[PDB]
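J.:
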Amino acid sequence: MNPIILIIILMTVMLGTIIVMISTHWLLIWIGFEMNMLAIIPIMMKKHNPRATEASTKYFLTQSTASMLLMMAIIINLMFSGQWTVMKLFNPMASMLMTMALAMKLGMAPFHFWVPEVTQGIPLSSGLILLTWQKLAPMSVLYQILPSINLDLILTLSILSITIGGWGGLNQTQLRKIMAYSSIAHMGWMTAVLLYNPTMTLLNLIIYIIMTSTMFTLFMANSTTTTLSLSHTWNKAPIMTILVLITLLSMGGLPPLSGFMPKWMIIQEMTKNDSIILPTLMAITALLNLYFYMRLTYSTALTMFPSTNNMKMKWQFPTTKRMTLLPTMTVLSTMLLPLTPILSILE
Amino acid sequence: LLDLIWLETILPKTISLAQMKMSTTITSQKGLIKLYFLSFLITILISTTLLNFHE
Amino acid sequence: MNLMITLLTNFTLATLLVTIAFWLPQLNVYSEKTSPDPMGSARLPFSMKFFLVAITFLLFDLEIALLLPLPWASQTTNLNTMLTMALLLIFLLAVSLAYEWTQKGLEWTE
Amino acid sequence: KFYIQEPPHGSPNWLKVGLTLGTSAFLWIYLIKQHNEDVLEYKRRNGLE
Amino acid sequence: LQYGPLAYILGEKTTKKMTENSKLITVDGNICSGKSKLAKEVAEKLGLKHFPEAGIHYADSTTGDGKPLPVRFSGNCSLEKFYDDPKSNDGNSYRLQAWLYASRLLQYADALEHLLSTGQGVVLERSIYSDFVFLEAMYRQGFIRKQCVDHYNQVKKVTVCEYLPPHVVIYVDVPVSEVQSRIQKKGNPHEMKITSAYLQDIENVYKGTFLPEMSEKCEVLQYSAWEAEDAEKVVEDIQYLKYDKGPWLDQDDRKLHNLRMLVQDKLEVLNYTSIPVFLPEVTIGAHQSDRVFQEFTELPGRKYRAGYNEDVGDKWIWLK
Amino acid sequence: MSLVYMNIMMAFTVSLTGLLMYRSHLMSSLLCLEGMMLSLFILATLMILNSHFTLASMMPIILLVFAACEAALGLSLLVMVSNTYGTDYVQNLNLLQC
Amino acid sequence: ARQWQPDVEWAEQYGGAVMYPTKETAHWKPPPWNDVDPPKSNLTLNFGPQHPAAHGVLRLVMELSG
Amino acid sequence: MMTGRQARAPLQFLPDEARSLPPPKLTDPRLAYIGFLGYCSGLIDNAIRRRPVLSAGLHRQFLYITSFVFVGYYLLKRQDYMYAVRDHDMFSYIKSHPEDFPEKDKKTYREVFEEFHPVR
Amino acid sequence: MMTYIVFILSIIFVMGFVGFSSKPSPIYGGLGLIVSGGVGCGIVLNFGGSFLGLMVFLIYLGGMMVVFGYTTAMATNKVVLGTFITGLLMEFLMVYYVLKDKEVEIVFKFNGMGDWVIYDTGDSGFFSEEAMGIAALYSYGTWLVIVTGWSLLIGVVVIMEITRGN
Ligand SMILES: CCCCCCCCCCCCCCCCCC(=O)OC[C@H](COP(=O)(O)OCCN)OC(=O)CCCCCCCCCCCCCCCCC
Ligand SMILES: Nc1ncnc2c1ncn2[C@@H]1O[C@H](COP(=O)(O)O)[C@@H](O)[C@H]1O
């Protein structure tokens with residue numbers, strides 16, 4: 001791929017997300033999602049192997065079905081309210097179809113059946129973009145339609161996303177599928193607190209983006225795509241094993257690490273609204289995520305697996321990969337819990 | 552009997568094997584896209600008829 | 001209504017002449033024959054280039070679909086904006102053709 | 001000499017160190033001026049002199 | 001990093017220095033096919049830069065002081081112990097073959113890096129396309145197992161697909177007995193222990209596998225033993241080659257830019273040499289791994305990046 | 001409400017259930033997607049004309065243009081799949097099971 | 001004596017496609033390491053003796069490439 | 001929650017009434033922990049690239065500390081602003097609604113009969 | 001019956017979507033989608049949407065479905090007839106319900122009158138209102154034309170990138 005065309009295509013991805021974020025007309029929302037998908041398809045097909053074409057095809061089919069259901073929800077809104085203002089919706093059928101469309105775009109369960117496959121087929125950079133940047137625009141639309149969202153529907157999608165994101169990563173060795181099931185579980189955690197406090201939704205989104213960007217940046221820097229290949233990292237750079245240790249311990253929700261912060265604030269807001277059973281079941285299900293994170297930490301950092309002889313040749317050559325913002329993203333994803341009342345800047 | 556088997560069994564091992572088996576039920580899919588879109592349609596049918604989320 | 005009558009009459013004449021062509025010389029019995042090509046039996050290989058010129062047609066046809074309300078849009082009272090956006094859409098069709106040009110898309114069906 | 005091929009980080013990158021220290025000290029003096037302007041604006045808006 | 005995508009955006013296209021003389025040449029032959037001086041002669045006639053055969057310590061020659069490190073840090077393998085005990089129990093044989101394949105992979109990455117950054121053709125000696133010629137000979141002579149050949153074919157499948165073939169292969173037809181006489185005139189007590197059937201399997205895998213697939217993806221030149229001595233005949237054969245075969249034709253600026261961004265990241269070149277297929281001839285235990293790594297880290301010039309070593313006298317670290 | 005809107009929504013949901021139940025072909029999935037687009041086009045036109053809402057007359061053209069570019073993108077993905085496997089059968093697309 | 005570290009027997013546990021290889025998850029391999037699955045042609049036309057633009061009686065077996 | 005408040009003047013990081021608040025002092029322990037995060041970022045940047053951790057990039061660590069303090073100062077200003085606006089809305093709502101807030105008649109513990117539960 | 005032409009074309013539209021979306025093969029599915037696009041175009045044309053119906057026939061059918069049949073020509086059962094007649098049974102039973110009751114309820118409630126009654130009784134002078142609204146894409150739709158043209162230019166670039174295979 002031409003770097004000029006790479007610049008223009010990534011700016012078109014960002015422009016599609018911006019058009020979804022800043023527009024006051026439902027057609028322009030749909031246009032921004034079309035621009036976003038249409039631009040991010042070549043970033044998935046960067047290496048031109050059959051798994052990336054398969055992944056881009058599954059991604060296309062799911063996002064196109066979501067875009068058509070979104071436009072049907074918009075059209076029912078034009079039926080029952082005659083207008084186009086991006087605000088609450090004026091029909092629970094349009095609200096239900098738009099909630100379904102945004103849950104498809106986020107890969108929330110039970111529309112989760114594309115996110116591990118599509119994350120597996122594409123490279124680590126496009127997987128980073130898919131799991132961080134493509135989670136921005138539908139959370140913005142859910143932020144703007146939350147007076148019309150059915151509470152039962154969003155909590156059912158949230159519990160199903162948390163349970164499947166828990167039980168999915170417990171039998172995985174690929175890193176990209178682990179990050180994808182972590183994405184499904186974290187989207188459940190985000191959408192559960194949405195009708196209670198969407199500031200905590202923004203908080204969970206930003207902390208998940210920081211942690212996910214840290215782990216994908218470490219995966220790009222160490223060229224690891226499986227657990228077993230990740231386990232060789234101590235014999236080449238043990239600081240990378242320490243950082244994936246502390247970051248995977250952060251992403252499960254261990255205190256004092258700052259991935260405990262979002263889910264603790266989500267329990268802090270959901271128990272205000274007299275829901276005590278529901279964040280309890282959410283917190284009990286998050287221990288599955290923390291369990292396969294413990295599996296990954298034992299496989300990588302706290303032990304030392306046997307290696308092969310050709311590591312001695314790689315001892316002699318430094319990393320030339322420009323690890324952009326990786327110390328910043330490791331410091332922010334772990335050590336932000338003393339700065340927890342910074343969450344009011346998202347109000 | 553108690554403190555290598557049964558107290559070691561009732562809380563942690565039964566839960567561990569249960570989570571093992573449920574993780575095998577989740578992640579044993581045949582990869583087929585037809586089945587996933589069929590499950591999506593089943594979801595929209597259950598959310599329209601069974602739980603009545605359109606109300 | 002008159003359009004529907006005209007469409008039905010033209011379609012009826014077409015189907016009537018096709019009925020006469022498939023049943024009046026099929027009154028013949030002539031003879032039980034068997035009749036037992043550049044490619045013999047092998048599968049037709051896909052041509053990437055014919056598909057690319059079809060997609061280039063589809064995208065320029067969408068750009069035409071944007072350009073079609075121009076004889077109505079010349080009547081507007083915002084003529085500077087209309088002339089700007091009209092020149093910009095024809096310019097975007099030209100830039101799409103230029104990127105199809107320079108990146109070798111118009112080759113061997115130029 | 002030690003190295004057979006000259007490293008990129010053997011000689012210091014004086015343009016990079018100059019940009020680093022200059023931008024850093026510019027942010028420090030802009031932050032000090034911003035904080036003094038903010039304490040003066042607070043002590044005027046609530047009137048604490 | 002002086003080169004990146006920004007250097008590609010700002011105008012530097014690597015075909016703006018790609019002349020007709022910029023040809024990657026790999027000279028091939030058996031253990032005494034006399035190609036040693038022939039590659040240097042062909043390099044010095046056309047003005048091409050000569051890269052010799054990668055021994056054990058090529059990676060030592062690229063990094064640090066250039067002087068060879070000990071074998072326990074580079075290789076953990078002895079060619080001499082392979083010549084003495086080819087059917088050895090400790091697994092020196094495939095471990096040596098895998099280290100030599102990684103060394104030739106590194107040398108081939110350096111060769112393409114020089115060819116793409118300078119525009120000067122490079123004369124090589126037994127590139128990675130001619131490294132399995134010794135693997136299959138060791139397998140036919142029973143020196144390693146089937147699983148070692150499987151591991152090598154995995155590493156070849158995930159390494160050689162990332163690279164273009166050479167331009168000119170200069171292979172030298174020498175009989176086995178002349179090679180044996182050159183080994184006996186050499187007088188090396190290790191090199192004389194090489195058997196006859198091993199050399200015959202080397203020649204078999206050469207003439208039946210290497211040239212029948214390098215005859216299409218690149219250009220072969222196949223000389224005898226006594227006509228590979230006049231260098232000017234070989235250079236005249238090189239200068240009059242109709243460059244029409246091979247995938248060096250469909251290489252514009254973007255594809256060679258991808259290749260150049262590949263071959264400067266040496267941890268991406270050597271990414272899948274250490275695939276975790278735990279094979280006992282190369283699998284190092286964790287205690288010995290940590291011990292060799294913490295003895296290697298104490299070596300001078302090796303604890304930090306190559307401009308950050310006080311023990312060898314890198315100044316100005318407090319501003320870097 | 002209006003009777004024809006039932007038919008257009010039911011055509012949208014029939015094309016949905018066609019898309020949401022694959023048989024063999026990926027081209028049939030794209031055809032079901034564009035049947036969904038077709039029903040959306042018709043339904044938008046009937047609403048915008050019945051409202052006499054003049055400014056949204058340009059909206060169905062925008063729907064048609066953006067989703068035809070979407071369809072061209074999907075046809076190119078299908079073409080690359082059928083270049084890899086020889087057919088556009090969906091059972092070839094299951095290498096991401098593991 | 002010293003701190004124990006895992007062996008090959010422990011290392012190959014985490015290295016399948018899944019973590020718990022059961023009856024259902026048994027036939028699953030790891031992918032190729034660079035995520036490149038192996039690719040798993046050119047037309048052959050036979051322009052027979054049916055054609056006037058060939059001057060009379062000619063059969064042409066082409067091998068087109070598009 | 002407070003999204004109807006900062007929408008009449010949208011996309012203002014710090015509005016015009018944010019200057020009426022006191023700014024955070026430059027010895028703020030919140031800002032000091034942010035500067036410690038800058039120091040840790042400099043140490044991890046010298047560690048992941050195999051530089052000497054404490055000895056290389058004192059200009060680089062100094063810019064990491066400068067950058068985090070410079071961002072975190074305005075982040076703390078916005079934090080103080082949003083909690084101030086939270087309390088201003090709360091106090092204006094309690095003042096403008098006396099009927100929603102009864103002043104509780106505070107019974108002293110002589111009138112309050114709590115049950116005693118004996119630990120015997 | 002003649003007051004019901006939009007409704008009868010809509011019944012043919014639903015029947016045609018059941019016809020192709022039961023998916024015999026992409027060739028006949030393309031055929032059924034073309035015939036369905038024609039009758040849905042007739043639905044549009046009977047409300048005075050002349051430009052949008054001609055945008056169906058020109059753009060949708062004459063370009064995009066031509067490209068679909070073009071790709072179907074190059075790239076490339087009991088279940089079909091059974092699900093076909095199942096959808097036809099469901100549709101004709103819903104039609105019999107809404108014709109006996111002048112009312113139906115599946116998701117929404119729907120009136121059973123002739124769908125001419127939902128119109129307006131005015132006029133528009135010397136212009137089609139829908140034509141002038143489409144003409145306002147240039148005077149008013151500046152941002153809309155900018156994002157549509159940029160998405161089409163990116164569409165050309167994206168197709169050329171993902172079909173190059175390098
Ligand atoms: C309220 C909502 C509003 C919005 C809130 C904020 C949202 C921020 C979301 C950020 C999303 C970033 C997406 C990821 C980066 C995109 C570009 C990219 O792909 O970078 C990787 C790039 C790939 O280079 P390439 O040569 O193509 O590699 C192929 C294989 N070698 O290069 C590399 O591989 C180099 C290695 C390092 C790459 C690091 C990239 C980090 C990007 C994220 C930074 C942290 C996020 C911002 C901080 C928090 C803000 C709230
Ligand atoms: N499997 C192998 N067996 C013997 N020698 C090998 C093998 N692989 C590489 N070589 C090298 O090939 C050299 C022969 O090339 P030369 O002596 O330069 O003609 C030997 O000296 C070895 O260093």
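Residue numbers (the entry's author numbering), protein chains in the order written: chain N, 1 to 347; chain L, 552 to 606; chain A, 1 to 36, 42 to 115; chain x, 1 to 49; chain k, 1 to 320; chain K, 1 to 98; chain 4, 1 to 40, 45 to 70; chain o, 1 to 120; chain J, 1 to 76, 86 to 175. Note that the Cβ used here is the ideal one computed from N, Cα and C, for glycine as well.
Tell me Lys-242 (chain k)'s beta-bridge partners as DSSP assigns them.
T.: None, per the DSSP bridge assignment.
J.: Which residues in the same chain as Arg-51 (chain N) place their Cβ atom closer than 6 angstroms to its Cβ, once the five residues preceding and following it in sequence are excluded?
T.: The residues are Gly-121.
J.: When Cβ atoms are compared, which residues of the stretch 326–340 of chain N fall closer than 7 angstroms to chain o?
T.: Result list: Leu-326, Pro-327, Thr-328, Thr-330, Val-331, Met-335, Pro-338, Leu-339.
J.: With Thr-26 (chain k) as the anchor, note down where its beta strand (DSSP E) starts and where it stops.
T.: Element bounds for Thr-26 (chain k): 25–28.
J.: What are the residues in the stretch 569–591 of chain L lying within 8 angstroms of chain 4 by C-beta distance?
T.: Residues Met-571, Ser-574, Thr-575, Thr-578, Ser-579.
J.: Once the 5 residues before and after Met-220 (chain N) are set aside, which same chain residues still bring their CB inside 6 angstroms of it?
T.: Same-chain partners within the cutoff: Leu-124.
J.: State yes or no: is the C-beta of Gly-29 (chain k) nearer than 8 angstroms to some heavy atom of ligand 2?
T.: Yes.
J.: Of all the options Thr-340 (chain N), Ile-267 (chain N), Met-261 (chain N), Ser-223 (chain N), which has the alpha carbon lying nearest to the alpha carbon of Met-323 (chain N)?
T.: Out of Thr-340 (chain N), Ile-267 (chain N), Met-261 (chain N), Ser-223 (chain N), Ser-223 (chain N) has the C-alpha closest to the C-alpha of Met-323 (chain N).
J.: Which residues in chain N sit within 7 angstroms of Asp-45 (chain o), going by Cβ to Cβ distance?
T.: Residues of chain N passing the Cβ test: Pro-327.
J.: Does DSSP put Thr-114 (chain A) in a helix, in a strand, or in coil?
T.: Coil.
J.: Let me check you understand the geometry: is the CB of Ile-74 (chain N) closer than 8 angstroms to at least one non-hydrogen atom of ligand 1?
T.: Result no, Cβ not under 8 angstroms from ligand 1.
J.: With a cut-off of 9 angstroms, does the C-beta of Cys-69 (chain K) fall near any C-beta of chain 4?
T.: Taking Cβ atoms only, chain 4 never reaches closer than 9 angstroms to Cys-69 (chain K), which makes this a no.
J.: Consider the C-beta atom of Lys-105 (chain N) and the heavy atoms of ligand 1; say whether any pair is separated by less than 8 angstroms.
T.: Answer for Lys-105 (chain N): no, Cβ out of range of ligand 1.
J.: Grouping DSSP H, G and I as helix and E and B as strand, with all else coil, what is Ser-307 (chain N)?
T.: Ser-307 (chain N) falls in the strand class under three-state DSSP.
J.: Expressed to the nearest angstrom, what Euclidean distance is found between the alpha-carbon atoms of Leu-288 (chain N) and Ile-210 (chain N)?
T.: Rounded to whole angstroms, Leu-288 (chain N) to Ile-210 (chain N) spans 21 angstroms at the Cα level.
J.: Starting from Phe-93 (chain J) and walking both ways along the alpha helix (DSSP H), at which residues does that stretch end?
T.: 87–110 is the extent of the alpha helix (DSSP H) around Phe-93 (chain J).
J.: Please confirm whether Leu-62 (chain 4) has its beta-carbon closer than 9 angstroms to some beta-carbon of chain A.
T.: Output row for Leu-62 (chain 4): interface = no.
J.: Alpha carbon to alpha carbon, what distance is there between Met-14 (chain N) and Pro-23 (chain o)?
T.: When rounded, the distance between both Cα atoms is 34 angstroms.
J.: Ends of the beta strand (DSSP E) at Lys-118 (chain J)?
T.: Its beta strand (DSSP E) spans residues 118–120.
J.: With a cut-off of 8 angstroms on the beta carbons, I'd call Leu-67 (chain A) and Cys-69 (chain K) a contact; round off their distance for me.
T.: The pair is a contact, with the Cβ atoms about 6 angstroms apart (cut-off 8 angstroms).
J.: Got a sec? Which residues, its chain only, sit under 7 angstroms from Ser-56 (chain N) by beta carbon, not counting five neighbours each side?
T.: Hits under 7 angstroms: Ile-41, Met-44, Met-45.
J.: Closer than 8 angstroms: is that where the CB of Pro-5 (chain k) sits relative to any heavy atom of ligand 1?
T.: Flag set: Cβ of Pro-5 (chain k) near ligand 1.
J.: What separation, rounded to the nearest whole angstrom, lies between the Cα atoms of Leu-162 (chain J) and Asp-45 (chain o)?
T.: When rounded, the distance between both Cα atoms is 41 angstroms.
J.: In chain order, which alpha helix (DSSP H) runs of at least 4 residues are fully inside the stretch 98–160 of chain N?
T.: For the stretch 98–160 of chain N, whole alpha helix (DSSP H) runs of length 4 or above, ordered along the chain, are 115–121, 124–132, 137–145.
J.: What are the uninterrupted segments assigned as alpha helix (DSSP H) that are 4 or more residues long and contained completely in the stretch 27–114 of chain k, given in chain order?
T.: Qualifying alpha helix (DSSP H) stretches, in chain order: 35–45, 58–62, 79–84.
J.: By the 10 Å Cβ neighbour count, where 16 or more other Cβ atoms means buried, how is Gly-60 (chain 4) classified, buried or exposed?
T.: Looking at its Cβ environment, which holds fewer than 16 other Cβ atoms inside 10 Å, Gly-60 (chain 4) is exposed.
J.: With H, G and I counted as helix, E and B as strand and the rest as coil, what does DSSP make of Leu-93 (chain K)?
T.: The answer is coil: DSSP assigns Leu-93 (chain K) none of H, G, I, E or B.
J.: Considering only C-alpha positions, which residue in the set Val-27 (chain k), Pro-70 (chain k), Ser-22 (chain k) is nearest to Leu-48 (chain k)?
T.: Ranking the options by Cα distance to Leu-48 (chain k), first place goes to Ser-22 (chain k).
J.: If you measure from the CB of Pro-262 (chain N), is any heavy atom of ligand 1 nearer than 8 angstroms?
T.: Flag unset: Cβ of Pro-262 (chain N) not near ligand 1.
J.: Do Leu-47 (chain 4) and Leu-49 (chain A) have their C-beta atoms within less than 9 angstroms of each other?
T.: Result yes, Cβ atoms of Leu-47 (chain 4) and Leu-49 (chain A) sit closer than 9 angstroms.
J.: Closer than 7 angstroms by beta-carbon distance: list the chain J residues that pair up with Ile-19 (chain N), in chain order.
T.: Within chain J, the residues near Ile-19 (chain N) are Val-156.
J.: Below 7 angstroms on C-beta distance, what does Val-122 (chain k) contact in chain x?
T.: Neighbours of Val-122 (chain k) on chain x: none; closest Cβ ~16 angstroms, over 7 angstroms.
J.: Under 7 angstroms between beta-carbons, which chain N residues line up against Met-80 (chain K)? List them in chain order, please.
T.: Near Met-80 (chain K) (Cβ distances below 7 angstroms), the residues of chain N are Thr-53.
J.: To the nearest angstrom, how far is the alpha carbon of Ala-306 (chain k) from that of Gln-2 (chain k)?
T.: The straight-line gap from Cα to Cα measures roughly 16 angstroms.
J.: Can you give me the C-alpha to C-alpha distance between residue 351 (chain N) and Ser-182 (chain N), rounded to a whole angstrom?
T.: No answer is possible for residue 351 (chain N): the residues shown for chain N start at 1 and end at 347.
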